[PDB]
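Trainee: As input, take query.txt (compact mmCIF, C-alpha atoms and all ligand atoms):
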```
# COMPACT_ATOMS: atom_id res chain seq x y z
CA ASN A 1 63.43 111.11 73.93
CA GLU A 2 60.59 112.59 71.89
CA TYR A 3 61.41 110.24 69.01
CA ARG A 4 60.87 107.22 71.25
CA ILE A 5 57.68 108.79 72.62
CA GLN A 6 56.31 109.25 69.10
CA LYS A 7 57.66 105.92 67.88
CA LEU A 8 56.27 103.91 70.78
CA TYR A 9 52.89 105.58 70.31
CA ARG A 10 52.88 104.56 66.64
CA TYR A 11 53.80 100.99 67.56
CA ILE A 12 51.02 100.79 70.17
CA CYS A 13 48.54 101.85 67.48
CA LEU A 14 49.99 99.34 65.01
CA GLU A 15 49.79 96.65 67.70
CA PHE A 16 46.05 97.27 67.84
CA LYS A 17 45.96 97.04 64.04
CA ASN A 18 47.70 93.68 64.39
CA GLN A 19 45.22 92.52 67.01
CA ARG A 20 42.44 93.09 64.46
CA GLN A 21 44.29 91.47 61.55
CA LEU A 22 45.18 88.46 63.69
CA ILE A 23 41.50 87.71 64.35
CA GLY A 24 40.57 88.36 60.71
CA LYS A 25 38.07 91.17 61.28
CA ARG A 26 37.56 94.09 58.94
CA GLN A 27 37.76 97.67 60.18
CA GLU A 28 34.02 98.08 59.56
CA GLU A 29 33.10 95.19 61.86
CA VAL A 30 35.25 96.32 64.79
CA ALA A 31 34.13 99.93 64.31
CA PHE A 32 30.49 98.87 64.50
CA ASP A 33 31.17 96.93 67.71
CA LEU A 34 32.90 100.00 69.22
CA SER A 35 30.27 102.51 67.96
CA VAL A 36 32.86 104.50 65.98
CA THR A 37 33.30 105.05 62.27
CA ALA A 38 35.57 102.77 60.24
CA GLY A 39 37.60 105.86 59.31
CA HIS A 40 38.08 106.78 62.94
CA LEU A 41 39.34 103.29 63.77
CA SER A 42 41.59 103.30 60.70
CA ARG A 43 43.16 106.63 61.65
CA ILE A 44 43.84 105.30 65.17
CA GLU A 45 45.30 102.00 63.94
CA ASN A 46 47.62 103.76 61.48
CA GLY A 47 49.05 106.24 64.02
CA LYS A 48 47.61 109.42 62.47
CA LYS A 49 45.79 110.77 65.55
CA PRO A 50 48.49 111.80 68.05
CA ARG A 51 46.29 112.70 71.04
CA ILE A 52 43.96 109.72 71.39
CA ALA A 53 42.87 109.28 75.01
CA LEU A 54 44.32 106.46 77.10
CA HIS A 55 40.66 105.54 77.66
CA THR A 56 40.25 104.66 73.98
CA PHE A 57 43.21 102.28 74.13
CA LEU A 58 41.78 100.66 77.26
CA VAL A 59 38.42 100.19 75.50
CA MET A 60 40.20 98.49 72.61
CA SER A 61 42.23 96.24 74.96
CA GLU A 62 38.97 95.16 76.58
CA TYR A 63 37.40 94.58 73.17
CA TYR A 64 40.24 92.32 72.01
CA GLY A 65 40.59 90.69 75.42
CA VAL A 66 44.34 91.42 75.62
CA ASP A 67 45.90 93.08 78.67
CA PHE A 68 46.97 96.61 77.86
CA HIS A 69 50.36 95.95 79.48
CA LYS A 70 50.84 93.14 76.94
CA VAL A 71 49.85 95.46 74.06
CA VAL A 72 52.52 97.91 75.27
CA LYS A 73 55.17 95.21 75.75
CA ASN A 74 54.38 93.79 72.29
CA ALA A 75 54.74 97.27 70.77
CA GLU A 76 58.09 97.76 72.48
CA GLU A 77 59.32 94.39 71.24
CA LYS A 78 58.18 95.06 67.67
CA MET A 79 59.79 98.51 67.73
CA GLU A 80 63.07 96.86 68.72
CA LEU A 81 62.73 94.12 66.06
CA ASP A 82 62.26 96.74 63.37
CA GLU A 83 64.67 99.02 65.28
CA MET B 1 32.01 95.71 77.49
CA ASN B 2 33.41 95.97 81.02
CA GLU B 3 33.08 99.72 81.56
CA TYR B 4 33.69 99.38 85.29
CA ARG B 5 37.08 97.75 84.71
CA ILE B 6 38.08 100.20 81.96
CA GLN B 7 37.46 103.17 84.23
CA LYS B 8 39.10 101.65 87.32
CA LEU B 9 42.18 100.58 85.38
CA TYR B 10 42.56 104.12 84.04
CA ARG B 11 42.54 105.46 87.59
CA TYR B 12 45.01 102.82 88.80
CA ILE B 13 47.37 103.82 85.97
CA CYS B 14 47.13 107.48 86.99
CA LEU B 15 47.78 106.66 90.65
CA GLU B 16 50.75 104.54 89.60
CA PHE B 17 52.34 107.78 88.35
CA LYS B 18 51.73 109.34 91.78
CA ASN B 19 53.50 106.30 93.27
CA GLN B 20 56.37 106.58 90.77
CA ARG B 21 56.89 110.22 91.69
CA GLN B 22 56.93 109.38 95.40
CA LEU B 23 59.41 106.51 94.97
CA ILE B 24 61.97 109.03 93.67
CA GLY B 25 61.08 111.74 96.18
CA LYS B 26 60.09 114.62 93.88
CA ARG B 27 57.40 117.09 94.93
CA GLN B 28 54.39 117.91 92.76
CA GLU B 29 55.55 121.50 92.28
CA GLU B 30 58.90 120.37 90.87
CA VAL B 31 57.35 117.95 88.38
CA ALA B 32 54.72 120.53 87.39
CA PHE B 33 57.51 122.99 86.56
CA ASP B 34 59.54 120.45 84.57
CA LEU B 35 56.47 119.34 82.61
CA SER B 36 55.22 122.93 82.16
CA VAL B 37 51.85 122.42 83.88
CA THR B 38 50.31 123.83 87.03
CA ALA B 39 50.71 121.89 90.25
CA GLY B 40 46.92 121.63 90.33
CA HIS B 41 46.87 120.19 86.81
CA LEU B 42 49.49 117.58 87.71
CA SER B 43 47.57 116.75 90.89
CA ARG B 44 44.37 116.11 88.92
CA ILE B 45 46.30 113.82 86.55
CA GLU B 46 48.02 111.84 89.36
CA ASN B 47 44.80 111.41 91.31
CA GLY B 48 42.87 110.07 88.34
CA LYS B 49 40.50 113.04 88.20
CA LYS B 50 40.72 113.78 84.44
CA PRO B 51 39.24 110.85 82.43
CA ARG B 52 40.32 111.67 78.84
CA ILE B 53 44.04 112.35 79.20
CA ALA B 54 45.95 111.50 76.04
CA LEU B 55 48.10 108.38 75.98
CA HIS B 56 50.90 110.73 74.89
CA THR B 57 50.82 112.40 78.30
CA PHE B 58 51.46 109.09 80.05
CA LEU B 59 54.31 108.27 77.66
CA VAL B 60 55.87 111.66 78.43
CA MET B 61 55.57 111.07 82.16
CA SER B 62 57.03 107.57 81.85
CA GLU B 63 60.11 108.98 80.12
CA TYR B 64 60.32 111.80 82.67
CA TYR B 65 60.37 109.35 85.59
CA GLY B 66 62.60 106.85 83.78
CA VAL B 67 60.06 104.04 84.15
CA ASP B 68 58.89 101.76 81.34
CA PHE B 69 55.21 102.38 80.58
CA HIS B 70 54.54 98.65 80.26
CA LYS B 71 55.65 98.18 83.87
CA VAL B 72 53.47 101.11 84.96
CA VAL B 73 50.44 99.49 83.32
CA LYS B 74 51.28 96.02 84.63
CA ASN B 75 51.65 97.42 88.16
CA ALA B 76 48.26 99.10 87.80
CA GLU B 77 46.53 95.94 86.53
CA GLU B 78 48.00 93.86 89.34
CA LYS B 79 47.03 96.33 92.06
CA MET B 80 43.48 96.52 90.72
CA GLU B 81 43.23 92.71 90.73
CA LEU B 82 44.54 92.59 94.30
CA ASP B 83 42.17 95.31 95.55
CA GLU B 84 39.04 94.43 93.53
CA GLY B 85 39.46 90.92 92.08
CA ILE B 86 39.09 92.02 88.46
CL CL C 101 54.51 116.84 96.73
CL CL C 102 38.90 116.70 94.50
CL CL C 103 39.96 114.70 80.86
NA NA C 104 38.99 110.95 63.39
NA NA C 105 43.45 95.86 79.89
NA NA C 106 54.94 91.15 81.07
NA NA C 107 48.35 123.56 82.78
```
Do you think you could lay out the structure here as structure tokens?
Mentor:
Amino acid sequence: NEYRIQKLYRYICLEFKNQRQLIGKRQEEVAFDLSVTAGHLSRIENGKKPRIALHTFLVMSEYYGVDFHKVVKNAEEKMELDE
Amino acid sequence: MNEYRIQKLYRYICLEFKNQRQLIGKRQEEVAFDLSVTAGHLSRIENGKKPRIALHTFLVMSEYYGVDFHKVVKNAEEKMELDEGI
């Protein structure tokens, strides 16, 4: 139960990291666009901040132009692929 | 950045949890006890009144209700598009 909760959270964060790597942008560029530090974005992408607001993930979905439900589904699929 | 859509979608996600609770017939007081929060706290979450709730909280509630969070979010997006066209 809690393992899946933590694991899915990590995969959602890593899905956002993949969204950035897919489009070839550095952390510093996306961070500037979002008015956050590069370190803040990096700690989100790598799953180190456990209590990030849903709002932040919705902002990032809007920034990348990907539906948040698709981010979540992608994370679930990748979590299963790695299993 | 579409701040209007970001904020509305957040509230549609929260209200989707109110809908998920109602579909299975549990009262607020029961869920508040199981999730170790006050009934008032749960009510403010379900009604979209607290804007900075952690994603973790929604993952916990999805597991509690036995509903996949991606379906919760998809339901919210679709209902917002139907109601508001965005
Ligand atoms: Cl009730
Ligand atoms: Cl009120
Ligand atoms: Cl809040
Ligand atoms: Na930080
Ligand atoms: Na979205
Ligand atoms: Na889907
Ligand atoms: Na409480």
Trainee: Compute the set of protein, DNA and RNA residues whose minimum atom distance to ligand NA 106 (chain C) is at most 8 Å, using only C-alpha atoms and all ligand atoms, and state it as number ranges by chain.
Mentor: A: 69-70, 73; B: 70-71, 74
Trainee: Under the rule of at most 9 Å, produce a per-residue listing of chain A near ligand NA 104 (chain C): chain, number, name, the closest pair of atoms, and the distance in Å, as a tab-separated table, using only C-alpha atoms and all ligand atoms.
Mentor:
```
residue	atom	partner	partner_atom	distance
A:37	CA	C:NA104	NA	8.3
A:39	CA	C:NA104	NA	6.7
A:40	CA	C:NA104	NA	4.3
A:41	CA	C:NA104	NA	7.7
A:42	CA	C:NA104	NA	8.5
A:43	CA	C:NA104	NA	6.3
A:44	CA	C:NA104	NA	7.7
A:48	CA	C:NA104	NA	8.8
A:49	CA	C:NA104	NA	7.1
```
Trainee: Pull C-alpha atoms from the residues just selected and write them as a CSV table (one decimal), keeping the file's coordinate frame.
Mentor:
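And here is the file that came out, selection.csv:
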```csv
chain,number,residue,atom,x,y,z
A,37,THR,CA,33.3,105.0,62.3
A,39,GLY,CA,37.6,105.9,59.3
A,40,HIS,CA,38.1,106.8,62.9
A,41,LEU,CA,39.3,103.3,63.8
A,42,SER,CA,41.6,103.3,60.7
A,43,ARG,CA,43.2,106.6,61.6
A,44,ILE,CA,43.8,105.3,65.2
A,48,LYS,CA,47.6,109.4,62.5
A,49,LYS,CA,45.8,110.8,65.6
```
Trainee: May I have the residues within 12 Å of residue 83 in chain A as a list in words, using only C-alpha atoms and disregarding those fewer than 3 positions away in the same chain?
Mentor: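 That gives residues 4, 7, 8, 11, 75, 76, 77, 78, 79 and 80 of chain A.
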Trainee: Sorted by chain and rising residue number, which residues of chain B lie within 9 Å of ligand NA 107 (chain C), and what are their closest atom pairs and distances in Å to one decimal, counting all atoms listed in the file, as JSON lines?
Mentor:
```
{"residue": "B:32", "atom": "CA", "partner": "C:NA107", "partner_atom": "NA", "distance": 8.4}
{"residue": "B:36", "atom": "CA", "partner": "C:NA107", "partner_atom": "NA", "distance": 6.9}
{"residue": "B:37", "atom": "CA", "partner": "C:NA107", "partner_atom": "NA", "distance": 3.8}
{"residue": "B:38", "atom": "CA", "partner": "C:NA107", "partner_atom": "NA", "distance": 4.7}
{"residue": "B:39", "atom": "CA", "partner": "C:NA107", "partner_atom": "NA", "distance": 8.0}
{"residue": "B:40", "atom": "CA", "partner": "C:NA107", "partner_atom": "NA", "distance": 7.9}
{"residue": "B:41", "atom": "CA", "partner": "C:NA107", "partner_atom": "NA", "distance": 5.5}
{"residue": "B:42", "atom": "CA", "partner": "C:NA107", "partner_atom": "NA", "distance": 7.8}
```
Trainee: Go ahead and save the residues from that selection, with C-alpha atoms, as a PDB file, in the coordinates of the input.
Mentor:
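Contents of part-v9.pdb, as written:
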```
ATOM      1  CA  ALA B  32      54.720 120.530  87.390  1.00  0.00           C
ATOM      2  CA  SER B  36      55.220 122.930  82.160  1.00  0.00           C
ATOM      3  CA  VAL B  37      51.850 122.420  83.880  1.00  0.00           C
ATOM      4  CA  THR B  38      50.310 123.830  87.030  1.00  0.00           C
ATOM      5  CA  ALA B  39      50.710 121.890  90.250  1.00  0.00           C
ATOM      6  CA  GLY B  40      46.920 121.630  90.330  1.00  0.00           C
ATOM      7  CA  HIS B  41      46.870 120.190  86.810  1.00  0.00           C
ATOM      8  CA  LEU B  42      49.490 117.580  87.710  1.00  0.00           C
TER       9      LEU B  42
END
```
Trainee: Using all atoms listed in the file, determine which residues lie at most 10 Å from range 51-68 of chain A, disregarding the query and same-chain residues fewer than 3 positions distant; provide the list as an MDAnalysis selection string.
Mentor: (chainID A and resid 9 12:13 16 19:20 23 30 33:34 44 47:48 71:74) or (chainID B and resid 1:3 5:7 9:10 13 51:58 70 73:74 77)
Trainee: Using all atoms listed in the file, what table do you get, as CSV, when you list each residue of chain B with an atom no more than 9 Å from ligand CL 101 (chain C), its nearest pair of atoms, and their distance in Å rounded to one decimal, rows by chain then rising number?
Mentor:
```
residue,atom,partner,partner_atom,distance
B:21,CA,C:CL101,CL,8.7
B:22,CA,C:CL101,CL,8.0
B:25,CA,C:CL101,CL,8.3
B:26,CA,C:CL101,CL,6.6
B:27,CA,C:CL101,CL,3.4
B:28,CA,C:CL101,CL,4.1
B:29,CA,C:CL101,CL,6.5
B:30,CA,C:CL101,CL,8.1
B:31,CA,C:CL101,CL,8.9
```
Trainee: Suppose you want the space between CA of residue 65 in chain B and CA of residue 20 in chain B; what is it in Å?
Mentor: 7.1 Å
Trainee: At what distance in Å, to one decimal, does CA of residue 18 in chain A lie from CA of residue 67 in chain B?
Mentor: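 So the answer is 25.5 Å.
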Trainee: Looking at all atoms listed in the file, which of A:38, A:14, A:50, A:28 is the one that sits closest to chain B?
Mentor: A:50
Trainee: Can you pull out every residue with an atom within 9 Å of ligand CL 102 (chain C)? Use all atoms listed in the file and format it as a ChimeraX atom specification.
Mentor: /B:44,47,49
Trainee: Go ahead and compute the interatomic distance for CA of residue 68 in chain B and CA of residue 22 in chain A, in Å to one decimal.
Mentor: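 So the two atoms, CA of residue 68 in chain B and CA of residue 22 in chain A, lie 26.0 Å apart.
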Trainee: Which one is closest to ligand NA 105 (chain C): B:61, B:50, B:23, B:8? Count all atoms listed in the file.
Mentor: B:8
Trainee: Closest to chain A among B:34, B:46, B:16, B:63, using all atoms listed in the file?
Mentor: B:63
Trainee: Of the candidates A:29, A:81, A:35, A:46, which shows the shortest atom-to-atom distance to chain B, using all atoms listed in the file?
Mentor: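 Among the listed residues, A:35 lies closest to chain B.
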Trainee: Missing atoms in range 42-68 of chain B should be modelled up to N, CA, C and O atoms and reported as a PDB file, keeping the file's coordinate frame.
Mentor:
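Produced file rebuild39.pdb, reproduced below:
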```pdb
ATOM      1  N   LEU B  42      48.798 118.847  87.467  1.00  0.00           N
ATOM      2  CA  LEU B  42      49.490 117.580  87.710  1.00  0.00           C
ATOM      3  C   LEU B  42      48.768 116.776  88.781  1.00  0.00           C
ATOM      4  O   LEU B  42      48.655 115.549  88.673  1.00  0.00           O
ATOM      5  N   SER B  43      48.281 117.446  89.826  1.00  0.00           N
ATOM      6  CA  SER B  43      47.570 116.750  90.890  1.00  0.00           C
ATOM      7  C   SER B  43      46.326 116.044  90.353  1.00  0.00           C
ATOM      8  O   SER B  43      46.068 114.882  90.688  1.00  0.00           O
ATOM      9  N   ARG B  44      45.567 116.715  89.482  1.00  0.00           N
ATOM     10  CA  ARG B  44      44.370 116.110  88.920  1.00  0.00           C
ATOM     11  C   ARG B  44      44.717 114.907  88.041  1.00  0.00           C
ATOM     12  O   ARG B  44      43.983 113.911  88.017  1.00  0.00           O
ATOM     13  N   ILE B  45      45.848 114.972  87.333  1.00  0.00           N
ATOM     14  CA  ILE B  45      46.300 113.820  86.550  1.00  0.00           C
ATOM     15  C   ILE B  45      46.658 112.652  87.474  1.00  0.00           C
ATOM     16  O   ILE B  45      46.167 111.531  87.293  1.00  0.00           O
ATOM     17  N   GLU B  46      47.540 112.899  88.457  1.00  0.00           N
ATOM     18  CA  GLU B  46      48.020 111.840  89.360  1.00  0.00           C
ATOM     19  C   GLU B  46      46.898 111.196  90.151  1.00  0.00           C
ATOM     20  O   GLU B  46      47.005 110.027  90.530  1.00  0.00           O
ATOM     21  N   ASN B  47      45.881 111.959  90.517  1.00  0.00           N
ATOM     22  CA  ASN B  47      44.800 111.410  91.310  1.00  0.00           C
ATOM     23  C   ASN B  47      43.669 110.846  90.467  1.00  0.00           C
ATOM     24  O   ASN B  47      42.606 110.516  91.015  1.00  0.00           O
ATOM     25  N   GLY B  48      43.873 110.714  89.160  1.00  0.00           N
ATOM     26  CA  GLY B  48      42.870 110.070  88.340  1.00  0.00           C
ATOM     27  C   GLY B  48      41.600 110.863  88.189  1.00  0.00           C
ATOM     28  O   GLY B  48      40.527 110.274  88.053  1.00  0.00           O
ATOM     29  N   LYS B  49      41.687 112.192  88.242  1.00  0.00           N
ATOM     30  CA  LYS B  49      40.500 113.040  88.200  1.00  0.00           C
ATOM     31  C   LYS B  49      40.123 113.508  86.797  1.00  0.00           C
ATOM     32  O   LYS B  49      39.024 114.046  86.621  1.00  0.00           O
ATOM     33  N   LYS B  50      41.008 113.370  85.812  1.00  0.00           N
ATOM     34  CA  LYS B  50      40.720 113.780  84.440  1.00  0.00           C
ATOM     35  C   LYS B  50      40.608 112.540  83.557  1.00  0.00           C
ATOM     36  O   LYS B  50      41.630 111.887  83.319  1.00  0.00           O
ATOM     37  N   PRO B  51      39.423 112.185  83.035  1.00  0.00           N
ATOM     38  CA  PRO B  51      39.240 110.850  82.430  1.00  0.00           C
ATOM     39  C   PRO B  51      39.772 110.665  81.007  1.00  0.00           C
ATOM     40  O   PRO B  51      39.944 109.504  80.576  1.00  0.00           O
ATOM     41  N   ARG B  52      40.020 111.747  80.267  1.00  0.00           N
ATOM     42  CA  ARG B  52      40.320 111.670  78.840  1.00  0.00           C
ATOM     43  C   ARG B  52      41.724 112.162  78.507  1.00  0.00           C
ATOM     44  O   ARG B  52      41.982 112.664  77.403  1.00  0.00           O
ATOM     45  N   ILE B  53      42.656 111.976  79.441  1.00  0.00           N
ATOM     46  CA  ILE B  53      44.040 112.350  79.200  1.00  0.00           C
ATOM     47  C   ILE B  53      44.616 111.509  78.073  1.00  0.00           C
ATOM     48  O   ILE B  53      44.421 110.286  78.015  1.00  0.00           O
ATOM     49  N   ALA B  54      45.360 112.165  77.193  1.00  0.00           N
ATOM     50  CA  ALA B  54      45.950 111.500  76.040  1.00  0.00           C
ATOM     51  C   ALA B  54      46.982 110.467  76.480  1.00  0.00           C
ATOM     52  O   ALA B  54      47.743 110.686  77.424  1.00  0.00           O
ATOM     53  N   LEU B  55      47.030 109.344  75.755  1.00  0.00           N
ATOM     54  CA  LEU B  55      48.100 108.380  75.980  1.00  0.00           C
ATOM     55  C   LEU B  55      49.463 109.055  75.929  1.00  0.00           C
ATOM     56  O   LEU B  55      50.353 108.731  76.723  1.00  0.00           O
ATOM     57  N   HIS B  56      49.630 110.026  75.018  1.00  0.00           N
ATOM     58  CA  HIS B  56      50.900 110.730  74.890  1.00  0.00           C
ATOM     59  C   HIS B  56      51.371 111.279  76.224  1.00  0.00           C
ATOM     60  O   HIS B  56      52.564 111.223  76.541  1.00  0.00           O
ATOM     61  N   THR B  57      50.444 111.821  77.017  1.00  0.00           N
ATOM     62  CA  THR B  57      50.820 112.400  78.300  1.00  0.00           C
ATOM     63  C   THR B  57      51.447 111.360  79.216  1.00  0.00           C
ATOM     64  O   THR B  57      52.452 111.633  79.882  1.00  0.00           O
ATOM     65  N   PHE B  58      50.889 110.149  79.236  1.00  0.00           N
ATOM     66  CA  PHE B  58      51.460 109.090  80.050  1.00  0.00           C
ATOM     67  C   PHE B  58      52.804 108.616  79.522  1.00  0.00           C
ATOM     68  O   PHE B  58      53.686 108.269  80.317  1.00  0.00           O
ATOM     69  N   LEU B  59      52.994 108.611  78.198  1.00  0.00           N
ATOM     70  CA  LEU B  59      54.310 108.270  77.660  1.00  0.00           C
ATOM     71  C   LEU B  59      55.345 109.320  78.038  1.00  0.00           C
ATOM     72  O   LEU B  59      56.482 108.978  78.383  1.00  0.00           O
ATOM     73  N   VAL B  60      54.961 110.601  78.008  1.00  0.00           N
ATOM     74  CA  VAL B  60      55.870 111.660  78.430  1.00  0.00           C
ATOM     75  C   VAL B  60      56.251 111.479  79.893  1.00  0.00           C
ATOM     76  O   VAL B  60      57.426 111.559  80.261  1.00  0.00           O
ATOM     77  N   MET B  61      55.268 111.228  80.749  1.00  0.00           N
ATOM     78  CA  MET B  61      55.570 111.070  82.160  1.00  0.00           C
ATOM     79  C   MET B  61      56.417 109.834  82.421  1.00  0.00           C
ATOM     80  O   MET B  61      57.274 109.864  83.301  1.00  0.00           O
ATOM     81  N   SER B  62      56.199 108.752  81.657  1.00  0.00           N
ATOM     82  CA  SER B  62      57.030 107.570  81.850  1.00  0.00           C
ATOM     83  C   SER B  62      58.491 107.873  81.549  1.00  0.00           C
ATOM     84  O   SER B  62      59.391 107.462  82.292  1.00  0.00           O
ATOM     85  N   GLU B  63      58.742 108.609  80.465  1.00  0.00           N
ATOM     86  CA  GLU B  63      60.110 108.980  80.120  1.00  0.00           C
ATOM     87  C   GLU B  63      60.684 109.915  81.174  1.00  0.00           C
ATOM     88  O   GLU B  63      61.851 109.782  81.568  1.00  0.00           O
ATOM     89  N   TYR B  64      59.866 110.857  81.653  1.00  0.00           N
ATOM     90  CA  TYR B  64      60.320 111.800  82.670  1.00  0.00           C
ATOM     91  C   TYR B  64      60.784 111.070  83.928  1.00  0.00           C
ATOM     92  O   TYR B  64      61.843 111.384  84.485  1.00  0.00           O
ATOM     93  N   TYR B  65      60.002 110.090  84.390  1.00  0.00           N
ATOM     94  CA  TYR B  65      60.370 109.350  85.590  1.00  0.00           C
ATOM     95  C   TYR B  65      61.375 108.242  85.331  1.00  0.00           C
ATOM     96  O   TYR B  65      61.889 107.661  86.291  1.00  0.00           O
ATOM     97  N   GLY B  66      61.670 107.929  84.072  1.00  0.00           N
ATOM     98  CA  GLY B  66      62.600 106.850  83.780  1.00  0.00           C
ATOM     99  C   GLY B  66      62.048 105.478  84.070  1.00  0.00           C
ATOM    100  O   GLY B  66      62.809 104.564  84.431  1.00  0.00           O
ATOM    101  N   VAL B  67      60.736 105.309  83.934  1.00  0.00           N
ATOM    102  CA  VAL B  67      60.060 104.040  84.150  1.00  0.00           C
ATOM    103  C   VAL B  67      59.396 103.601  82.847  1.00  0.00           C
ATOM    104  O   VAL B  67      58.839 104.426  82.111  1.00  0.00           O
ATOM    105  N   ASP B  68      59.518 102.314  82.530  1.00  0.00           N
ATOM    106  CA  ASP B  68      58.890 101.760  81.340  1.00  0.00           C
ATOM    107  C   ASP B  68      57.370 101.769  81.482  1.00  0.00           C
ATOM    108  O   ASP B  68      56.829 101.229  82.452  1.00  0.00           O
TER     109      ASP B  68
END
```
